[PDB]
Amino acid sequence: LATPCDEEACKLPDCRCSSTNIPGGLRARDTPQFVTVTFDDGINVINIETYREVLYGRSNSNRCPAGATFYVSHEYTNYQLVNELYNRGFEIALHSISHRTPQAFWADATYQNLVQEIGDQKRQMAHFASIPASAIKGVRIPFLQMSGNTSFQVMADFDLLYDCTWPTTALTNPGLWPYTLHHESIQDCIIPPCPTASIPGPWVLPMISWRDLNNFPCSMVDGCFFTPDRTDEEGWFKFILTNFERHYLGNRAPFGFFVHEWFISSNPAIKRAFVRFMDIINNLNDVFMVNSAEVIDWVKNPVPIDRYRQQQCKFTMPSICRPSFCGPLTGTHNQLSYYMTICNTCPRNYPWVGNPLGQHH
């Protein structure tokens, strides 16, 4: 059971307490503003068109490729398209093998449940997308449903670096910065149960809630209730930038744009506001559209804007896809049949929970 923070024991780069103070003792105006654009759930031939259109070719003002985090769930994911996203410099993260309903399952999952749903997905993902296992570091639990200590224990066991499942509404201005779980967390638990054990090793990357038009909090853009009309491009542009300014003109805590792709392609006016927002921050000299792992990397060794701008761009190790089209595949638990596009040789059976590489019978 974790104790309150021993500000003398908890030291970078290995340990940090839950706090709204800027890492490294930096002043806000010397602190880079990070933006983490993220997309949940399965990668397929439809939503990849949105990702190519609004993300490809972008760069930050330091000429590094602008990043984004894909919390990928396994079912109906085209792993050749995952490989493509990885090779354009975007981060591939875990969102479970099954994404199974109901949400209540994830609140209670056993250690073994999350080993098989998340821990095993790391090698599943590296295998079928043919990307370095070391590049897989992030976790978002389905339905934003925390699992107490359990998910963080699994992360420690499988060298996953950070979780981005845990929103805050009380700690948004000044915003709560990432922290480790060596000690007790001050973060509010909107979606219980939250971890209270001392679990050294993984990081919490809080989802700092947005504020909607009536000041109600929302964790994801497509979860905001009081919102401009879907056809009102200018209203959505002002809505996005107002939430962004709360960070940029505040303590500069990482600003999230957490969405499902459906919300972007279903609403062309929102997509246009979204594109304009990205165009603006790509032209700002102290704002950076990055992968979520790069936020943890900065918190671990915080540097002022001027030195951050001198750091080398992320290194994206190229990894070729040798594509295979596989099927019909079936599983022992699945009842369904499947076809798959992967960057490896075809498995004998459908990869699933308890058989993550489709290898066994």
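For every residue, the number given is its place in the sequence shown, counted from 1.
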So which stretch wins on mean C-alpha B-factor, 27-35 or 330-338?
-> 330-338
As the entry reports it, the stretch among 189-197 and 75-83 with higher mean C-alpha B factor is 189-197
Top Cα B-factor in this entry, restricted to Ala93, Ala107, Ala133, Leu205, sits on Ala107
Top residue by Cα temperature factor, when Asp163, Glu234, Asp120, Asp286 are compared in the entry = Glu234
Chain thirds of CA B-factor: placement of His183 | highest
Ordered by C-alpha B-factor within the chain, which third holds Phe225? Give me lowest, middle or highest, please.
-> highest
Using the B-factors in the PDB entry, rank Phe70's C-alpha atom against the chain and give the third, lowest, middle or highest.
-> lowest
Relative to the other modelled residues of the same chain, rank the CA B-factor of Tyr56 and answer lowest, middle or highest third.
-> middle
Once the chain's modelled residues are ordered by C-alpha B factor and cut into thirds, is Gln312 in the lowest, middle or highest one?
-> highest
